[PDB]
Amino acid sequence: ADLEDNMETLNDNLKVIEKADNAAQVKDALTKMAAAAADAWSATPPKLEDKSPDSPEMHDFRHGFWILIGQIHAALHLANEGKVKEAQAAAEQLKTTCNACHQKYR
């Protein structure tokens, strides 16, 4: 997918999570987030087009999606286990990851 569509999917589904009624809905938003973050991994952002793929910038760029995928995964488990409230909390906190990569490369 386009990086840009991948982020819309991240943004949209996080909101779906903040507003969810039950576990089924959070878990579904999390899955979709996982899909998008997995796909984004290999993307080159506009701000790093003049950067070599094996370069520190692209290295740290990729790692951002690694972290996010692990967090979504942890959060996805809380959801599977029916823990709506804490799943929503994990979901929240992975925003720090969105910001960390955003501050730098967006």
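Numbers follow the displayed sequence, beginning with 1.
Remark: stretch with higher mean C-alpha B factor among 21-29 and 6-14 is 21-29. Stretches compared: 39-47, 56-64. Higher mean C-alpha B-factor in the entry: 39-47. Ranked by Cα temperature factor within the chain, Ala34 sits in the lowest third according to the deposited record. For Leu76, the recorded CA B-factor ranks within the middle third of the chain. Only modelled residues enter the ranking.
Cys98: CA B factor lies in the lowest third for its chain, per the PDB record.
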